[PDB]
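# Commentary on secondary and tertiary structure
Listed below, chain by chain, are the residues.
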Amino acid sequence: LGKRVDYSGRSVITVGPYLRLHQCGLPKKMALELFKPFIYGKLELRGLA
Amino acid sequence: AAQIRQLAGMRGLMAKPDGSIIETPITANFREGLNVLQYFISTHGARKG
Amino acid sequence: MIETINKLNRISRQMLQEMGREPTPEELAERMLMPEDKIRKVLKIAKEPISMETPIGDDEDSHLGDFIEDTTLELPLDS
Amino acid sequence: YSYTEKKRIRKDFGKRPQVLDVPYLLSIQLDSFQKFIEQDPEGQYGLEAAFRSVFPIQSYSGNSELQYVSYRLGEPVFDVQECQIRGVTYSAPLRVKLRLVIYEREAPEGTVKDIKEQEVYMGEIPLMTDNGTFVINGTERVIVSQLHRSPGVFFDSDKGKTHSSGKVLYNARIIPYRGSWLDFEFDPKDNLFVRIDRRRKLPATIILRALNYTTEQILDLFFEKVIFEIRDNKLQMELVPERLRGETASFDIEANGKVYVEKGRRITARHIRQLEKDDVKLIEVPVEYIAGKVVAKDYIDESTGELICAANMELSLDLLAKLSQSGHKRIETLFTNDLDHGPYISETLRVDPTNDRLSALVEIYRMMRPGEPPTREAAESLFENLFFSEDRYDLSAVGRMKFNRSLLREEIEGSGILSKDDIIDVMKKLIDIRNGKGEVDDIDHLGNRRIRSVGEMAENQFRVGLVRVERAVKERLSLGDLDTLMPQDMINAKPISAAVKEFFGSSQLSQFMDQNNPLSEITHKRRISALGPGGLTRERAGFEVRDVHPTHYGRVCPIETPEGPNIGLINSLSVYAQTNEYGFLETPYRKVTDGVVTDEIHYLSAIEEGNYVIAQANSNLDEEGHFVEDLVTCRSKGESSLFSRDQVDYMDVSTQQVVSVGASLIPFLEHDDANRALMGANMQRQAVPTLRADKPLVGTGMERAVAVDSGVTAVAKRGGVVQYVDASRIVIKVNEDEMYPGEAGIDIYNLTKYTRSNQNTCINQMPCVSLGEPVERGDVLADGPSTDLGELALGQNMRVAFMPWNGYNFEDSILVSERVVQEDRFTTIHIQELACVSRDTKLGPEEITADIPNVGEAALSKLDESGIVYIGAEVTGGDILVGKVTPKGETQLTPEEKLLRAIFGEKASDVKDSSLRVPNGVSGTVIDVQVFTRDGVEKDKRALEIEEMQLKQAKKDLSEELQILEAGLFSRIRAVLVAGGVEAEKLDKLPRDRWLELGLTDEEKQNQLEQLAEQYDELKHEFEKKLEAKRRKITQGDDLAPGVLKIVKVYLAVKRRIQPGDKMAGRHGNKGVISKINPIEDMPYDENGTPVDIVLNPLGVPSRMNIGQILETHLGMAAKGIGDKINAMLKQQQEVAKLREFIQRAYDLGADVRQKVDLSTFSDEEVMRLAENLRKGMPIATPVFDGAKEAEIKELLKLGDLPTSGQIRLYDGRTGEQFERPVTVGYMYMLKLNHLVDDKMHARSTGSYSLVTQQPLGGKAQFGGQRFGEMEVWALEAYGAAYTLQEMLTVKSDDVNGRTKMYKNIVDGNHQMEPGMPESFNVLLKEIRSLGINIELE
RNA sequence: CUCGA
């Protein structure tokens, strides 16, 4: 009924009032690890690797 | 208004964990500071809750 | 092999009463009259396996079988 | 004052005079292990009782025995400084002198055959360090206490809840220290029942027939006989008036000539007084009144027939006719009253199916051992060994002392076994409770709950370890060969060293030590757990055990506990509370003799407290001692009310004895709540020690006792003058009168520099004295991690304003200025430990080489010749610390790669890189590298120079140990020789070794010169012995785990600043997450230019009622106002008579202050050192319930030219306008906390799937993904998002042909779901199909 | 088992 899933993360939450109602912050060192195959697929398409 | 009463007026009537109401009340509030026995009486309700 | 284990364990029981310190294999081979690598070979066979449902803290929700990584899988970047 | 208290005198606001100082806070851990090791010939604590109870054991046939003589604890093989290095248990080998004797076969009592006496080794015991911290496998472990039921007797009663319509059933237990639990209980049919060891129910008089009692003696023991008389065919009874008291007069009560009582009469007490008045001896009664009376004896037919009736049979008219026929003039009946003397045993004796003794032991046998056919010889032994054996039952002198007291006996000493007088007394008291006299007891009385410390639990484990070898050696002595049997061979070191090492290291009470404070170390040892063996659990504890009983006052703290699932179970010992000799909790009081409160102190238990009347500590007092207010408030019998002066028997010691030690550091505890003041004491236990310590401006005066007694500072044993100060060692010259007559008089303290704690924080002792200054006894010479001139100092204090600032402090958030980040106020130091172990595979051994395949020069720049990283090299995430390669068995190859490796000549060998790398997101600096290696393995180049540096340091440290000590010894020689023989230059110009050669004339001075000479002669050889021992300890090969070649250990040193995410918290339970690090110019600033370092939130005060922080803020503002007045008066460099004119005016501003400090007796140089330590702010003490009032804060704020309201007019930073209202600004002592954000952040795309279930692992150190539990599966079902639910079950987690297709689709640039059945479903199919249940699909 | 929400 409940599994452990890939493409996942965990961090401490903090308040920020400059956002809009549909936005949220995200660290760079977290989105670099969650979006890694998307980054590979974009780096191969532009010929950068 | 139930928590401003515990800052100027007196604490109402604490109750020992048998369920019976203690006779003498906590006549001192959180600005004037509680007594030694009035702080020990005030721990039955907080530990219960 | 059980006799070779039990001679080592009887001699290692006697050496603790005699010397007072736990015997290293180098001084154990002197009593056993054996090469030291033989005694290091016999001291590897033992220690019957741990159950995979044993708890490794003092808990009861974290068993040992939730820590064993599967190694036979091919990596998704290497595939 | 002393000399070390003449810097930074903490101004006290306390008004109550203290009569007793705070005792040694670690008294329950150290004084309870000293009664486990030291030999006791008379009291039998510890190992001596455990030996003398089991030994002397004899042989089976009674032809030999093992006698016990004595034991002896050898020297520990290693010290504590290297047991934390090599990872071995800091223990002491236990030896014992045993005496085996052989008794002759044919001789009647023949002892003279042979006496064999030999010393036997048996296991080890782990010693205790000087703070209560056992060292098990290198990690420091602390055993907490336990709070369990005391042995004895216990009368309990359910309030209802079993049967309808009330009918409370009074049960009664007997709890021994070891054995079965005898139990009694009633029934709704008012019978009695016995439950031996919580088995099935049994009629209670079957344990009376087993004690060799007939049913005549059983009725005699419990009841009260009424004798009848039959003379000349008259039915006249005897009657004492005390029996007939409160019944219905269903007939006429008569006398010779005065009818005393009416008919139909509720018989009043005045009737009983009038019947008592004249005489009542013989009253004629109707015959029908006898019909309804049970007989007592066994009235038989004496002439011819058998018995007419036996005991416990009701007399009817025919049986009475038969008794008058056979002839009887004494008929005894049981006085059965309906309300006062119930017939409970008389009803039990009929439901009882047994009749005899040999038919009642069979019933106990068939209750306890069902399904086995009983014989008599095995039925007697079960009931004998159940209760009345010297090994299978034990109350052990606490159950006896608490057993004789509830039955109101007189003796205290008694046998550990039961008797046939204790069970009848228990049944009599239970029946008396059922009748109406006496009262039922309670379980939460703290005179019914003991404390069971370390030396009591290790002894009970040692006895089990002794029995596990007594079982073998009992049968070894009847196997034969009693001719050449020296007693060393029979006893093996397996079971005792298994049981002791199992307790020290695997129990629920031998837990890991929290070492990230001096406070958190000291409040983990005064912790009274209630769980563990013989206690409760977290799923079977209601609201009744977790509650604050009224006898917790002054023994166990009410506001120091965890708040998780075990909220009331983990208690905490109070400040002044001691442990009794039995185990109960006693607390001190002052005696009140005729209205004069004296100064002699009495320790009172929990049962002695509820009989007196005891005053509060807040009662007022005159000079000589008299209650001034003439009507005081007091406690008596668990309740509280007003009383008079002459009635009072006792008084509390001080106002700190109700709270714990971890909660008496909070200032203004009297103003807070009880919810938030709990989390203000749970979160003071987690403060990380910062870079440089800083004293708290508003303390409670308890900061001085916790720093000294925690064993984290370096205190001076003897007093004198400091001779040499380094950053590592401190050499102190002892004063003259504090010396011993065979010493050299130099104490050397070696401070411990940067090491690793258990919570991976720093430990570092800096000296605090200067070169050439006097030091008295018991001062603080070296402040540890969170100490500051001997004061405990966990966090740092900074400016705080209470205003909402653009939402950045929204819901308990904290907005931190940049000058907290710049000035290094909160930057902590963490020390990690990384280990790379090179094991032995079967395909050749592994190797640590600088050569690494498939890695260029850019990672091997910091690796040395031998392959281990340099000390002091700055590393980053991913860089290689130890280059270790492992051999790989040859594998098959895919054909296109086989084409590639024929196009080019690349042929990678069987080598394979599996080296140790720094984990990601970590900077640091390698500050320590340790290399262990197995015997018979050739060392590297680095492993040799490590050992050579250790040899050089062991040379240098012992040489400097000898040099300065000899230099002091020669001056001690010169001090006697110059006064004796005046040779100022003959002593000098000689060779300095020829002072022992020089000789004064025949006096005692020459004799003490010879004493110092023989001291030097001992010193010249103990250095050589210690040098040889340290050389043999260093150069020897190390012990290792089997299958290990060598182990490298690398110690990083991570320094961490504050980030957005780091949990910060005050002392009053106001937590927070740092949200934004502003620039300096954006913070609100007052009209003097100073910016505000923290902008807190003011909406957190009225919802939680912690108004302690506002008063602490105002008092901190007053303290820093005074401390800036002194800084202005020092920066002008005015005088020294001006500082004495002001600081003296600052040190007395209370009404009735305790301390009186005058700066007249201070010299004109000590005032400058004092005012140099008050430049940062005058420190202020405020005790717990003796606090500083609101008038004193306003009287102190007017001294340093500050606003009385405490609120100033802040200007904005951004726009430059000023706010409308004034804003509260002051100082709050802010802590850091161990929940940093660098250890919580974690992200994972793909890797390391599990073995059986093939779904990814769990844990940040395991690199696992978060759990998408069914609480979220319901929440995704409710949205209707079925395509996000199909993805988070198959293609993300559990499929095998699903993930590696989705990865190619995503890298290829085509997000398309490709489903499949999960692998966890066709493991469920195989595990249902293995039960013989055919389950398929269609 | 201890800790955090």
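A few points on the structure.

## Some thoughts on the arrangement of the chains
Interchain contacts are distributed over four pairs of chains, and the most extensive set of them lies between chains A and D. Separated in space, chain A and chain B share no contact, their closest pair of C-alpha atoms being 27 Å apart. The smallest C-alpha distance separating chain B from chain C is 27 Å, and no contact links them.

## A closer look at the interface of chain D and chain A
Between chain D and chain A, the residue contacts involve 42 residues of the former and 26 residues of the latter. Between chain D and chain A, a total of about 3100 Å² is buried, with carbon and sulfur atoms accounting for 60% of that surface. Summed over the three residues of chain D that lose the most area to chain A, namely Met1241, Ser1245 and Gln1266 of chain D, the buried surface amounts to 19% of that side. Linking chain D with chain A are two salt bridges. Two residues, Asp1294 of chain D and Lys3 of chain A, come together in a salt bridge whose shortest N-O distance is 3.9 Å. Linking chain D with chain A are eight residue pairs in polar contact, by the criterion used here. Of all the elements, helix 29 (residues 1282-1294) of chain D adds the most residues to the side of chain D that touches chain A, at five residues. Each residue belonging to the side of chain D that touches chain A can be placed in one class, and the counts come to 19 nonpolar, 17 polar and six charged.

## Side note on helix 10 (residues 361-368) of chain D
Residue and element names in this part refer to chain D. Of the positions making up helix 10, those classed as buried are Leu361, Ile364, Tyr365, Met367 and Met368. Angularly, the buried residues of helix 10 cover 160° about the axis, an arc narrow enough to put them on a single face. Where helix 10 is buried, its residues contact helix 5 (206-209) and helix 11 (376-387).

## Concerning the pairing of strand 25 (residues 585-593) of chain D
Each regular strand carries side chains that alternate between the two faces of the sheet. Residue and element names in this part refer to chain D. For strand 25, the tally of buried residues reaches seven of nine residues, placing the bulk of the element in the interior. In terms of strand pairing, strand 24 (residues 578-579) meets strand 25 through two bridges, oriented antiparallel. Across the sheet, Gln578 pairs through a bridge with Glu586, a residue of strand 25. Turn length for the strand 24-strand 25 hairpin, with the two strands adjacent in sequence and antiparallel, is five residues, and the turn residue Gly583 shows positive phi of about 140°. Pairing geometry for strand 25 and strand 26 (residues 596-604), over six bridges, is antiparallel. Each bridged residue has a counterpart across the sheet, and for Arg590 the counterpart in strand 26 is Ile601. Bridge analysis of strand 25 against strand 30 (residues 650-651) gives two bridges, and the strand direction is antiparallel.

Rules and cut-offs
- Residues numbered from 1 in each chain as written, not as in the entry; some residues may be left out.
- Chains lettered and ligands numbered in written order.
- Part of a larger assembly, values for the part shown.
- Heavy atoms only, no water.
- Residues with missing side-chain atoms left out of burial classes, pairs and counts.
- Contact = heavy atoms within 4.5 Å.
- Buried area = accessible area lost by both parts, 1.4 Å probe.
- Salt bridge = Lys/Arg side-chain N within 4 Å of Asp/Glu carboxyl O.
- Polar contact = N/O pair within 3.5 Å; in protein donor to acceptor, adjacent residues only side chain to side chain.
- Helix = DSSP H or I, 4+ residues; strand = E, 2+ residues; numbered from the N terminus.
- Nonpolar A, V, L, I, M, F, W, Y, C, P; charged D, E, K, R; others polar.
- Buried < 20%, exposed > 50% of the residue type's maximum accessible area, 1.4 Å probe, protein only.
- Arc of directions from axis to C-beta.
- Pairing = 2+ DSSP bridges.

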